[PDB]
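Everything on this sheet refers to the single structure shown next.
Throughout, read-outs are computed from the coordinates displayed, never taken from laboratory work. Here the Cβ positions follow ideal geometry from the backbone for every residue, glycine too, while neighbour counts run over all protein chains shown.
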Amino acid sequence: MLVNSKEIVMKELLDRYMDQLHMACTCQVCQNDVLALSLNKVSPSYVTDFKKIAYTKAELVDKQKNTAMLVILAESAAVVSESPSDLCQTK
Amino acid sequence: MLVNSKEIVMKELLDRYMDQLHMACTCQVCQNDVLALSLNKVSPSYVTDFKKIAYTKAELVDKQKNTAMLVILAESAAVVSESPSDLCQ
Ligand SMILES: [Zn+2]
Ligand SMILES: [Zn+2]
């Protein structure tokens, strides 16, 4: 299967560090918006071997690399918090 | 709900030019390699609404832009052909 390994990384960081990103709404819509803003800000890393995504995801341990990504998510989270899409929860 | 629109463009362009790229193997595995190498050389364009990906397939039918992307396809095609993944055959 054809998949950008950065999307796997983000989705993982987003789920693990959801609370420290301080989102106004946590519905799937708002979450997808954060992901999209963030994935459009990192260089694509498409692969075809699931074993290869495992290697990438492992390289971004709790120590070292993940912080730069958490910062982009947080930043994107701010934007979605203030300017939510019309497809989000309403009333 | 979460797709890179470039992915929708490259797939549509590949299955319109695949038989012109002089690819060594044309199995799904090598096709994925081509798409992956190509997707990695263009800027991501992630979307969340379904209304964009539908019309995105129409404004890619327009040219000049896809020409730049065709080149990419072809350049990706040469690499995959020259060095096929061991998941192919
Ligand atoms: Zn929401
Ligand atoms: Zn092949």
Worksheet item: Tally time: how many residues in region A:53-91 are assigned to a loop (DSSP other than H, G, I, E, B) and over 16 Å from the mean Cα position of the chain (by Cα)?
Response: 11
Worksheet, complete the sentence: Restricting region B:3-20 to residues that are among the polar types (S, T, N, Q) and either part of a strand (DSSP E or B) or away from every other protein chain (no Cβ under 14 Å) (or both), the one surrounded by the most Cβ atoms within 10 Å (Cβ to Cβ) turns out to be B:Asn4
Worksheet item: Of all residues in region B:48-89, which are surrounded by fewer than 18 Cβ atoms within 10 Å (Cβ to Cβ), away from every other protein chain (no Cβ under 14 Å), under 30 Å from A:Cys88 (Cα atoms) and not hydroxyl-bearing (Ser, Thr, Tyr)?
Response: B:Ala54, B:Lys57, B:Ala58, B:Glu59
Discussion item. Which pairs turn up if I take residues in region A:29-47 that are within 7 Å of chain B (Cβ to nearest Cβ) and look for partners that are among the aromatic types (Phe, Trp, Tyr) and surrounded by 19 or more Cβ atoms within 10 Å (Cβ to Cβ) with beta carbon separation below 6 Å, at least 6 apart in sequence or on another chain?
Written reply: A:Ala36/B:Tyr46; A:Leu39/B:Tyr46; A:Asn40/B:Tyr46
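Take the conditions more than 13 Å from chain B (Cβ to nearest Cβ), over 15 Å from B:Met1 (Cβ atoms) and not in a helix (DSSP H, G or I) and apply them to A:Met23. Does it pass?
On the way: more than 13 Å from chain B (Cβ to nearest Cβ): yes; over 15 Å from B:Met1 (Cβ atoms): yes; not in a helix (DSSP H, G or I): yes.
So A:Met23 passes the test.
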Worksheet, complete the sentence: B:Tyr55 fails exactly one of (1) within 16 Å of ligand 2 (Cβ to nearest atom); (2) closer than 24 Å to A:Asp86 by Cα, namely (1)
